[PDB]
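Engineer: enclosed are the sequence and the experimentally obtained structure.
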Amino acid sequence: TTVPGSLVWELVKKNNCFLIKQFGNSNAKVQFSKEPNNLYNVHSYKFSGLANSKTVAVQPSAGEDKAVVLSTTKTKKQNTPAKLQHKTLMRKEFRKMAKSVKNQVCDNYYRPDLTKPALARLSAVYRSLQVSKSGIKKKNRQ
Amino acid sequence: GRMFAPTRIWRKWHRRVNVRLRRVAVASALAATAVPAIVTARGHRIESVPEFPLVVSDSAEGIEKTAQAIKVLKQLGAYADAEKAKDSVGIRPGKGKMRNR
Amino acid sequence: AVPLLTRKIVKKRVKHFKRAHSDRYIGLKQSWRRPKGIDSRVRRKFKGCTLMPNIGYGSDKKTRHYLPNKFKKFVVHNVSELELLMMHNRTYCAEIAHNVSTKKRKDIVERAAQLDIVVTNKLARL
Amino acid sequence: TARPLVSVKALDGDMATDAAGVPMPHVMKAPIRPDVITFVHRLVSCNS
Amino acid sequence: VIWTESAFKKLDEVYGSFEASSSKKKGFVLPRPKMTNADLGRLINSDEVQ
Amino acid sequence: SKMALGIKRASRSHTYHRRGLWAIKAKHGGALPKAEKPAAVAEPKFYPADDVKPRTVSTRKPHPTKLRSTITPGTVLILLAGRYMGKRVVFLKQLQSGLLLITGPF
Amino acid sequence: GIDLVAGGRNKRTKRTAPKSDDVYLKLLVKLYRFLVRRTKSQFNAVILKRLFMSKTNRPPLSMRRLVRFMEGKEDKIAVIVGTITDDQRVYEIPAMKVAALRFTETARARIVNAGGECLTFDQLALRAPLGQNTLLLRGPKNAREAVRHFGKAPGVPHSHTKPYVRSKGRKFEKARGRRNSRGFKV
RNA sequence: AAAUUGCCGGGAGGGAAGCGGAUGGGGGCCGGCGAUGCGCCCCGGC
RNA sequence: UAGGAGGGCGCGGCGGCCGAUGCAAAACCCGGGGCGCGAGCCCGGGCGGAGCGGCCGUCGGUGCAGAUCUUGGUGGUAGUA
Ligand SMILES: [Mg+2]
Ligand SMILES: [Mg+2]
Ligand SMILES: [Mg+2]
Ligand SMILES: [Mg+2]
Ligand SMILES: [Mg+2]
Ligand SMILES: [Mg+2]
Ligand SMILES: [Mg+2]
Ligand SMILES: [Mg+2]
Ligand SMILES: [Mg+2]
Ligand SMILES: [Mg+2]
Ligand SMILES: [Mg+2]
């Protein structure tokens, strides 16, 4: 982002290739953004994976089990896309993995914005991997 | 019968824009490409491209074949983008698919 | 897979707003069109004539667009457009788009069952 | 007396050189302007 | 856009700078923005404003 | 005396007495005790996406239902609903949940 | 019911956000929403309410008049929510510091070579968040050529409104109603 | 496709039918139509 | 009411973006389930057997209940005169 985060937001807020909007421009409008480096996949300036210098992505990994990728952008290497993302493939237990994500997101003051959301996506991703391994045992409707 | 207000050849098919406004627009078209974030948001697959705004040596100018051109785009990170372009090709839906498009 | 909604959905009117006179004629569809007549007792709002929509019949803002599921729906065409609902499955509900193959519906529903995303079309086309 | 330096990429089968970065152009730093771009693109596209 | 070195090194000889008659194109200087630095972060968070 | 009771309860001094801030000036020397920082569990098993809200251990302590004036231990009631309607019973004692406790006798 | 005109709701209307969808000017609008909200500076409120303008409520202000308005007040920073266009009818101009939405490349060269400072509003919001030492100037609104054609009617007496005529000449609105020798003098 | 017609099953009819607001009775229909899980805790291995 | 303005729904293209499609597209039918105050929209079932959408920008031969409206079809009239 040569131009600042706010200007990239103001430039991509209305149509961006990662945005899925349905139900029209009325009060019914549903907006999600589907870029990898967005946590809640909410289209807003807090979360946006394009309008920001500092973003935290947490993805279930390519073909391999129980391995979660945590990546954060590097603030200084913005104009070098191949070398913009710091990824780490952690297969440790949940508690250790969450300690690491706090280390990388909140405790270094990288971006405390996403201290909670990144751990929420970590929870959801980790259990998605669990169930992709075991299968449905709970229905979780109660 | 007719149609109401039948179209006529002397509609305003071409519009004019100030020459300086074309120049302003093309400068602000250039200035937006030098941003990886907007090049991405515009839809291009740029995740292995080495640096923006990307530049190659002039020895690229001397090639002749498209095998060589794809060889060139492998070194850069844009052959993913060429692949997107080539695998997205399809028949234009609607009355476009019969008007020579 | 358990709804976030904690606010009972009350509707001020369930019956539809059919076009006035759609009953006597067959060419007139049921879709509402406001009577613009000058002697139209519908427009003059005599008691006993088909009610027009107002804004007063609006529904509550936090209880708007929730199916009886108590989820807001979202139409997904494929697994990629599904995996963006992991952190909303307590308020959003994925529906598979009406023109997908059953081969791809099996994939969507497979993925949804594990990501724990409520769906209303996991018994569609099978 | 300092502007950013854009690194070139050579290819395979390239002669070694003592070259440096190409300095960044100003037109690559001009304002980014979407209302003008959509205006002008609407009118330039009508012209064919 | 993928630039070759020959093109990229003559962009500035085509477009010029914030200088009269810099360009190859007569009657044009690069547009100047309505803010030199649009980082509302540093505006709203710098010492002077805060 | 509902409203006289309201004021007598509402006095600041009588609220001091009722909350019993004396005997809280007893234990911690000649002053009101400090409070501290519980909840040092630091072991969340799972992180919800929705903003989390804990279980309500309800701190509101409702009044007891008032047994009617015309009810005395020993009063012959009249049941009115359920399988023993019309049955005349004898009231033993209005128990701790609020419900009456009656007997036929059987 | 109750006795009110339009239910008492405001029938006047003002801009509350610019119609221009210029990204930099929306960013300025954000910045000054924040400044007016947290800062209470009436000057910033005025800058705001003047970002919410047209271009015909923001006429250019030229160097001749700007120098008129800053003779002898050069520890105070000029603020024009508008445009600054130069003037060859001026010869010596003070080394002067001015904030404005735009500078014509001749006006900005003029000022810079006078040795002053050519600010934008983002620079201004730093060194005058409350508008210390500032000189708020507007341009001449009723100077536009269209403004002539307004007022009471061109042909009612005691009114000097310009009529809409497709050319000045003798044959174009000079005969009856413009002289006693044909009819009457307006 | 619709207006229009035939058969099959059902519904109702003291000089119109149709429509709006109430529910009541019939049908036709919905399992994201409606749950079975959470903590502690003891093994027995994973 | 006449009238005005704002925000939206819908149709057919064009420049881009996201995709669906012989495991069944478009179109059409339903006592199917919904969403919206509303234009409308989403899903299910069926026939159907080859193409189609959604979003941003932009455009136009774009929204029907009337015009003794145009064309085509079909009723009662009527198994009657
Ligand atoms: Mg014809
Ligand atoms: Mg009347
Ligand atoms: Mg009232
Ligand atoms: Mg006179
Ligand atoms: Mg029919
Ligand atoms: Mg019958
Ligand atoms: Mg009725
Ligand atoms: Mg009923
Ligand atoms: Mg027409
Ligand atoms: Mg056409
Ligand atoms: Mg009609």
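Structural biologist: Perfect, I can see it now. Numbers count the residues shown, from 1 in each chain, chains lettered A, B, ... in the order given. Ligands and ions are numbered 1, 2, ... in the order given.

Engineer: what about the helices in the chain?
Structural biologist: The chain I'm using is chain A. A:5-12, A:94-105, A:115-134 (DSSP state H).

Engineer: that's the wrong chain, I wanted chain E
Structural biologist: Under DSSP H, chain E gives helices at E:5-8, E:11-15, E:40-45.

Engineer: residues in chain A within reach of RNA strand I, list them.
Structural biologist: Contact residues, chain A versus RNA strand I (Cβ under 7 Å from any atom of the strand): A:14-15, A:17, A:19-28. Backbone N, C-alpha and C define where each C-beta goes, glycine included.

Engineer: how much space between whichever residue of chain C sits closest to chain B and residue C:73?
Structural biologist: Nearest to chain B in chain C, going by Cβ to the nearest Cβ, is residue C:99, at a distance of 13.2 Å. For residue C:99, the distance to residue C:73 equals 17 Å [Cβ to Cβ, to the nearest Å].

Engineer: quick check: the residue of chain C closest to chain B is in a strand.
Structural biologist: No. Residue C:99: not assigned to a strand; according to DSSP: H, G, I helix; E, B strand; the rest coil it is coil.

Engineer: thought residue A:120 was touching residue F:47?
Structural biologist: Yes. Counting by Cβ atoms under 8 Å, residue A:120 touches residue F:47, with 4.7 Å between them.

Engineer: so where's the longest helix in chain C?
Structural biologist: Per DSSP H, chain C has its longest helix at helix C:102-115.

Engineer: which ones are touching the closest residue to chain C within chain F?
Structural biologist: Residue nearest to chain C within chain F: residue F:49 (4.1 Å; Cβ to the nearest Cβ). Taking Cβ atoms under 8 Å, 6 or more residues apart in numbering or on different chains, we find residue F:49 in contact with A:40, A:117, A:120-121, A:123-124, C:87-88, C:90.

Engineer: let's see 10 Å
Structural biologist: A:39-40, A:116-117, A:119-121, A:123-124, C:4, C:86-91 (Cβ atoms under 10 Å, 6 or more residues apart in numbering or on different chains).

Engineer: just want to know which of residue C:99 and residue C:73 has more residues nearby.
Structural biologist: residue C:73 (19 against 6; other Cβ atoms under 10 Å in any protein chain shown).

Engineer: what bridges to the more buried one?
Structural biologist: Here residue C:73 sits in beta bridges with residue C:93, going by DSSP bridges.

Engineer: was I right to think it contacts residue C:94?
Structural biologist: Yes. Residue C:73 is in contact with residue C:94 according to Cβ atoms under 10 Å; the separation is 7.8 Å.

Engineer: overlap in contacts of those two?
Structural biologist: Counting by Cβ under 10 Å, 6+ apart, the residues touching both residue C:73 and residue C:94 are C:118-120.

Engineer: and the closest residue to chain F within chain D, its phi and psi?
Structural biologist: Residue of chain D nearest chain F, by Cβ to the nearest Cβ: residue D:34 (33.3 Å). With angles defined as degrees, to the nearest 10, residue D:34 sits at phi -80, psi -30.

Engineer: what about it, how many neighbours?
Structural biologist: The local packing of residue D:34 (other Cβ under 10 Å) involves 18 other residues.

Engineer: what sits against it?
Structural biologist: With Cβ under 10 Å, 6+ apart, residue D:34 has these contacts: A:10-12, A:14-15, B:28, B:32, B:38, G:21-23.

Engineer: need those residues in JSON lines (columns: distance to residue E:41).
Structural biologist: Putting these into JSON lines (distance: Cβ to Cβ, whole Å) gives the following:
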{"residue": "A:10", "distance to residue E:41": "13"}
{"residue": "A:11", "distance to residue E:41": "16"}
{"residue": "A:12", "distance to residue E:41": "17"}
{"residue": "A:14", "distance to residue E:41": "22"}
{"residue": "A:15", "distance to residue E:41": "24"}
{"residue": "B:28", "distance to residue E:41": "23"}
{"residue": "B:32", "distance to residue E:41": "21"}
{"residue": "B:38", "distance to residue E:41": "19"}
{"residue": "G:21", "distance to residue E:41": "22"}
{"residue": "G:22", "distance to residue E:41": "20"}
{"residue": "G:23", "distance to residue E:41": "16"}
